Amino acid sequence: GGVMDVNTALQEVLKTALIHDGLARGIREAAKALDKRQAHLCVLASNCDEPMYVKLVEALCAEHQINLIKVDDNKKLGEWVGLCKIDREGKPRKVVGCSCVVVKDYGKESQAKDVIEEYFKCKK
RNA sequence: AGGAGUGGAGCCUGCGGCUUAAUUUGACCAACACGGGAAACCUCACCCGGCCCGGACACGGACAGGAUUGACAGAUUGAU
């Protein structure tokens with residue numbers, strides 16, 4: 001389905017991915033996700049803490065599974081997944097970046113997720 | 001009017017006093033083998049050491065190379 005824009009498509013992933021609990025936030029879980037074959041999607045972003053990890057994530061995509069997408073601004077991904085799920089209209093206690101997240105088999109496979117993502121993925 | 005006893009002896013058990021780190025505590029005919037209280041631990045209120053949080057909920061803060069949990073071996077320790 002979708003309108004075939006990369007950003008609002010990846011949002012439709014994220015909706016059902018939240019329910020699926022596919023989100024592997026933080027470096028330890030990110031590493032474990034891509035060292036595992038259960039991952040199917042990766043998105044990275046600009047320098048959060050080091051310019052080293054942005055390199056390392058590409059290094060892991062090389063060795064294990066190429067799937068990478070880059071959408072910059074840590075604050076974007078930080079907003080996109082709150083405490084466990086995106087939480088409130090507000091929420092000033094956190095909005096801190098997740099810096100990169102990995103999602104498992106586009107969350108759920110039930111509807112539009114497969115087509116919107118597959119259109120981009122073989123090209124990228 | 002009588003019968004059998006208690007008070008004497010030894011022991012059991014409760015109470016006072018005295019001691020003691022602590023000898024937990026209520027009760028003075030209508031308290032005193034009473035608290036169905038014959039306590040090894042447990043009980044446990046007491047004393048002496050060590051550990052644990054099982055401080056809900058609210059508001060603010062922290063914070064995804066991260067809030068936070070637990071632990072092998074050595075030292076330490078009654079203590080693995």
Exercise. Here are some pairs, A:94/A:121; A:91/A:121; A:94/A:123; A:15/A:123; A:76/A:124; A:36/A:121; which of them have Cα atoms lying more than 29 Å apart in this structure?
Worked result: A:94/A:121; A:91/A:121; A:94/A:123
For this session: For chain A, go through all pairs of different Cα atoms, get the mean of 1/r, take its inverse, and jot down that Kirkwood value in Å.
Result: 14.7 Å
For this session: Show which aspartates and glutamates lie in cross-link reach of residue A:85 when reach means a straight Cα distance below 15 angstrom and same-chain residues fewer than eight apart are skipped.
Result: A:12, A:21
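Can you work out the FRET efficiency for the pair residue A:31 and residue A:84, with r the C-beta to C-beta distance and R0 = 25 Å, to the nearest 0.05?
Approximately 0.80, to the nearest 0.05.
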Problem set entry | For residue A:100, residues with placed amide H under 5 Å, excluding near neighbours | A:26
Exercise. So which residue, out of A:55, A:85, A:70, gets the largest mean-square fluctuation from a GNM of chain A using Cα contacts under 10 Å as springs?
Worked result: A:55
For this session: On a C-alpha basis, how far is the centre of segment A:90-111 from the centre of segment A:1-79 in Å? Whole number, if you could?
Result: 8 Å
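We did not get these values from a lab; they are worked out from the coordinates using the rules stated. Neighbour counts run over all protein chains shown; Cβ positions are idealised from the backbone, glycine included.
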